[PDB]
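So the structure is just underneath, and the comments pick up after that.
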Amino acid sequence: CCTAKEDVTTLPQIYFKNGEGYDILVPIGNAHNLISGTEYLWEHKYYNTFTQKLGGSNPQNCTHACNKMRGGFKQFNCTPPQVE
DNA sequence: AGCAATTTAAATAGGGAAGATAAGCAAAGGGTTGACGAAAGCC
């Protein structure tokens, strides 16, 4: 079941240095991080955070986690302090 | 048409009252934002 698939379409593509050259790099999301972050920051009540529902109004499209956890995946609120 | 002096000390204490209450309603909308995959005309 666990194999590979490659579609850089719609996928951010950034350069990152290899030390003496560059390496064009595609950042994709982590599945363990998303579901584990939702469960843990809900069960230890972390509230300086966001909520994002992946898929839109039909969350059966993206993944199976999307389809089940339709309440919304939780993202960290990475807002810095503001002066004055 | 500028000159106006210096030190010295500024009150110790005791009191700042409790008893009551601090409304009950009813409202808080849904409308878009669906991709993959499969019939089915169409170059």
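Ordering of the structure tokens sets the chain letters (A, B, ...), residue numbers begin anew at 1 in every chain, and ligands are numbered from 1 in the order given.
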
Exercise for the section: Would you give me, as a PyMOL selection string, the residues of chain B that come within 10 Å of chain A, using only C-alpha atoms (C1' of nucleotides)? Expected result: chain B and resi 32-36

Leaving out segment 65-73 of chain A and any residue of its chain fewer than 5 positions from it, which residues lie within 9 Å of it when counting only C-alpha atoms (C1' of nucleotides), given as a compact mmCIF listing (two decimals) with N, CA and C atoms, in the first residue's frame?
# COMPACT_ATOMS: atom_id res chain seq x y z
N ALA A 31 1.84 14.61 7.61
CA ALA A 31 0.61 14.00 8.09
C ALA A 31 0.61 13.72 9.58
N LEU A 34 0.25 17.14 11.47
CA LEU A 34 -1.09 17.75 11.45
C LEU A 34 -2.04 17.07 12.43
N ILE A 35 -2.23 15.76 12.30
CA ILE A 35 -3.20 15.04 13.13
C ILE A 35 -2.72 14.99 14.58
N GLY A 37 -0.72 17.16 16.02
CA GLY A 37 -0.83 18.49 16.58
C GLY A 37 -2.25 18.85 16.96
N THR A 38 -3.22 18.47 16.12
CA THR A 38 -4.62 18.69 16.47
C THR A 38 -5.01 17.96 17.74
N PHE A 50 -4.43 28.58 15.55
CA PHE A 50 -5.42 28.86 14.52
C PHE A 50 -6.21 27.59 14.23
N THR A 51 -7.13 27.70 13.27
CA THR A 51 -7.90 26.55 12.80
C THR A 51 -8.07 26.68 11.30
N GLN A 52 -7.76 25.62 10.56
CA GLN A 52 -7.91 25.61 9.11
C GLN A 52 -8.57 24.31 8.68
N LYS A 53 -9.69 24.43 7.96
CA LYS A 53 -10.38 23.28 7.40
C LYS A 53 -9.85 23.05 5.99
N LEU A 54 -9.13 21.95 5.79
CA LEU A 54 -8.57 21.63 4.49
C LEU A 54 -9.62 20.94 3.62
N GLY A 55 -9.73 21.40 2.38
CA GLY A 55 -10.66 20.80 1.45
C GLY A 55 -11.80 21.72 1.06
N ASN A 58 -16.09 20.50 0.79
CA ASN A 58 -16.09 19.06 0.55
C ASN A 58 -14.76 18.48 1.01
N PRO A 59 -14.62 18.19 2.31
CA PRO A 59 -13.37 17.63 2.82
C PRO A 59 -13.15 16.16 2.51
N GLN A 60 -13.99 15.52 1.70
CA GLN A 60 -13.69 14.18 1.21
C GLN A 60 -12.75 14.20 0.01

Exercise for the section: Would you return as a VMD selection string the members of chain A that DSSP assigns to alpha helix (DSSP H) on this structure's backbone? Expected result: chain A and resid 31 to 43 64 to 68

Could you write those residues out with N, CA, C and O atoms, as a short mmCIF file (atom, residue, chain, number, x, y, z; two decimals), in the first residue's frame?
data_model
loop_
_atom_site.label_atom_id
_atom_site.label_comp_id
_atom_site.auth_asym_id
_atom_site.auth_seq_id
_atom_site.Cartn_x
_atom_site.Cartn_y
_atom_site.Cartn_z
N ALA A 31 1.84 14.61 7.61
CA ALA A 31 0.61 14.00 8.09
C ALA A 31 0.61 13.72 9.58
O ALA A 31 -0.40 13.95 10.24
N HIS A 32 1.73 13.22 10.11
CA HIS A 32 1.85 12.99 11.55
C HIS A 32 1.77 14.30 12.33
O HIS A 32 1.13 14.37 13.38
N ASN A 33 2.42 15.34 11.80
CA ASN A 33 2.43 16.64 12.45
C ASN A 33 1.04 17.25 12.54
O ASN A 33 0.65 17.73 13.60
N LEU A 34 0.25 17.14 11.47
CA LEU A 34 -1.09 17.75 11.45
C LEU A 34 -2.04 17.07 12.43
O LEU A 34 -2.58 17.73 13.33
N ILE A 35 -2.23 15.76 12.30
CA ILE A 35 -3.20 15.04 13.13
C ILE A 35 -2.72 14.99 14.58
O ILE A 35 -3.51 15.18 15.52
N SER A 36 -1.42 14.76 14.78
CA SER A 36 -0.86 14.72 16.13
C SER A 36 -0.92 16.09 16.79
O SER A 36 -1.17 16.18 18.00
N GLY A 37 -0.72 17.16 16.02
CA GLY A 37 -0.83 18.49 16.58
C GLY A 37 -2.25 18.85 16.96
O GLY A 37 -2.48 19.45 18.01
N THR A 38 -3.22 18.47 16.12
CA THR A 38 -4.62 18.69 16.47
C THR A 38 -5.01 17.96 17.74
O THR A 38 -5.55 18.58 18.67
N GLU A 39 -4.67 16.67 17.83
CA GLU A 39 -5.01 15.88 19.01
C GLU A 39 -4.30 16.38 20.26
O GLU A 39 -4.93 16.52 21.32
N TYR A 40 -3.02 16.72 20.16
CA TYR A 40 -2.26 17.09 21.35
C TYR A 40 -2.61 18.50 21.80
O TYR A 40 -2.82 18.72 23.00
N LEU A 41 -2.69 19.47 20.89
CA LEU A 41 -3.03 20.82 21.28
C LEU A 41 -4.52 21.00 21.55
O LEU A 41 -4.92 22.06 22.03
N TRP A 42 -5.34 19.99 21.27
CA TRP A 42 -6.68 19.97 21.85
C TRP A 42 -6.72 19.30 23.21
O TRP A 42 -7.53 19.69 24.06
N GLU A 43 -5.87 18.29 23.46
CA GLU A 43 -5.99 17.54 24.71
C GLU A 43 -5.12 18.12 25.82
O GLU A 43 -5.34 17.83 27.00
N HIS A 64 -8.09 11.37 3.86
CA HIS A 64 -9.05 10.70 4.72
C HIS A 64 -9.10 11.41 6.05
O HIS A 64 -10.14 11.42 6.72
N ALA A 65 -7.99 12.01 6.46
CA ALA A 65 -7.97 12.79 7.69
C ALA A 65 -8.88 13.97 7.50
O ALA A 65 -9.62 14.33 8.41
N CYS A 66 -8.82 14.59 6.33
CA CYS A 66 -9.71 15.70 6.02
C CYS A 66 -11.14 15.24 6.21
O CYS A 66 -11.91 15.86 6.94
N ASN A 67 -11.52 14.17 5.52
CA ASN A 67 -12.89 13.67 5.58
C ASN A 67 -13.38 13.42 6.99
O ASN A 67 -14.53 13.70 7.30
N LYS A 68 -12.52 12.89 7.85
CA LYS A 68 -12.99 12.55 9.18
C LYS A 68 -12.96 13.77 10.08
O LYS A 68 -13.99 14.15 10.62
#

Practice task
Record the distance separating atom CA of residue 16 of chain A and atom CA of residue 30 of chain A, expressed in Å with one decimal.
Solution key: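 Atom CA of residue 30 of chain A lies 19.1 Å from atom CA of residue 16 of chain A.
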
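The residues of chain A that DSSP assigns to strand (DSSP E) on this backbone come out as residues 14, 15, 16, 17, 22, 23, 24, 25, 49, 50, 51, 52, 73, 74, 75 and 76 of chain A.
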
Exercise for the section: Would you mind reading off the distance between atom CA of residue 12 of chain A and atom CA of residue 24 of chain A, one decimal, in Å? Expected result: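 The value is 10.3 Å.
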
Excluding residue 13 of chain A and residues on its chain fewer than 2 positions from it, collect all residues at most 12 Å away from it, counting only C-alpha atoms (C1' of nucleotides), and give them as a PDB file with N, CA, C and O atoms, in the first residue's frame.
ATOM      1  N   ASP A   7       3.818  14.745  -7.853  1.00  0.00           N
ATOM      2  CA  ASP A   7       3.124  15.780  -8.611  1.00  0.00           C
ATOM      3  C   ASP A   7       3.457  17.131  -8.025  1.00  0.00           C
ATOM      4  O   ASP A   7       2.796  17.577  -7.087  1.00  0.00           O
ATOM      5  N   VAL A   8       4.470  17.793  -8.574  1.00  0.00           N
ATOM      6  CA  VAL A   8       4.887  19.035  -8.071  1.00  0.00           C
ATOM      7  C   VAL A   8       3.936  20.111  -8.502  1.00  0.00           C
ATOM      8  O   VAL A   8       4.206  21.281  -8.319  1.00  0.00           O
ATOM      9  N   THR A   9       2.818  19.734  -9.093  1.00  0.00           N
ATOM     10  CA  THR A   9       1.904  20.716  -9.558  1.00  0.00           C
ATOM     11  C   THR A   9       1.366  21.340  -8.374  1.00  0.00           C
ATOM     12  O   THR A   9       1.239  20.710  -7.359  1.00  0.00           O
ATOM     13  N   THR A  10       1.039  22.596  -8.492  1.00  0.00           N
ATOM     14  CA  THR A  10       0.521  23.353  -7.404  1.00  0.00           C
ATOM     15  C   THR A  10       1.336  23.299  -6.196  1.00  0.00           C
ATOM     16  O   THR A  10       0.861  23.569  -5.123  1.00  0.00           O
ATOM     17  N   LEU A  11       2.594  23.020  -6.350  1.00  0.00           N
ATOM     18  CA  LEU A  11       3.365  22.873  -5.201  1.00  0.00           C
ATOM     19  C   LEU A  11       4.448  23.945  -5.093  1.00  0.00           C
ATOM     20  O   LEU A  11       5.206  24.064  -6.008  1.00  0.00           O
ATOM     21  N   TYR A  15      14.340  27.564  -3.621  1.00  0.00           N
ATOM     22  CA  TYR A  15      15.746  27.198  -3.638  1.00  0.00           C
ATOM     23  C   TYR A  15      16.278  27.172  -2.215  1.00  0.00           C
ATOM     24  O   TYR A  15      15.883  27.995  -1.385  1.00  0.00           O
ATOM     25  N   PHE A  16      17.156  26.218  -1.934  1.00  0.00           N
ATOM     26  CA  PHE A  16      17.850  26.143  -0.658  1.00  0.00           C
ATOM     27  C   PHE A  16      19.291  25.755  -0.943  1.00  0.00           C
ATOM     28  O   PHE A  16      19.545  24.901  -1.797  1.00  0.00           O
ATOM     29  N   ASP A  23      19.806  24.013  -4.380  1.00  0.00           N
ATOM     30  CA  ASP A  23      19.025  22.785  -4.425  1.00  0.00           C
ATOM     31  C   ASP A  23      17.558  23.179  -4.414  1.00  0.00           C
ATOM     32  O   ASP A  23      17.052  23.651  -3.394  1.00  0.00           O
ATOM     33  N   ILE A  24      16.887  23.005  -5.551  1.00  0.00           N
ATOM     34  CA  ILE A  24      15.502  23.442  -5.669  1.00  0.00           C
ATOM     35  C   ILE A  24      14.622  22.449  -4.919  1.00  0.00           C
ATOM     36  O   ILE A  24      14.705  21.232  -5.124  1.00  0.00           O
ATOM     37  N   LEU A  25      13.799  22.965  -4.016  1.00  0.00           N
ATOM     38  CA  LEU A  25      13.217  22.154  -2.963  1.00  0.00           C
ATOM     39  C   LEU A  25      11.727  22.433  -2.873  1.00  0.00           C
ATOM     40  O   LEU A  25      11.308  23.593  -2.884  1.00  0.00           O
ATOM     41  N   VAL A  26      10.932  21.371  -2.791  1.00  0.00           N
ATOM     42  CA  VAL A  26       9.478  21.462  -2.757  1.00  0.00           C
ATOM     43  C   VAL A  26       9.017  21.082  -1.353  1.00  0.00           C
ATOM     44  O   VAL A  26       9.132  19.911  -0.959  1.00  0.00           O
ATOM     45  N   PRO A  27       8.500  22.023  -0.559  1.00  0.00           N
ATOM     46  CA  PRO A  27       8.007  21.683   0.783  1.00  0.00           C
ATOM     47  C   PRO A  27       6.570  21.191   0.729  1.00  0.00           C
ATOM     48  O   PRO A  27       5.671  21.905   0.276  1.00  0.00           O
ATOM     49  N   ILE A  28       6.354  19.965   1.195  1.00  0.00           N
ATOM     50  CA  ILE A  28       5.018  19.404   1.329  1.00  0.00           C
ATOM     51  C   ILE A  28       4.737  19.164   2.805  1.00  0.00           C
ATOM     52  O   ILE A  28       5.645  19.094   3.641  1.00  0.00           O
TER      53      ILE A  28
END
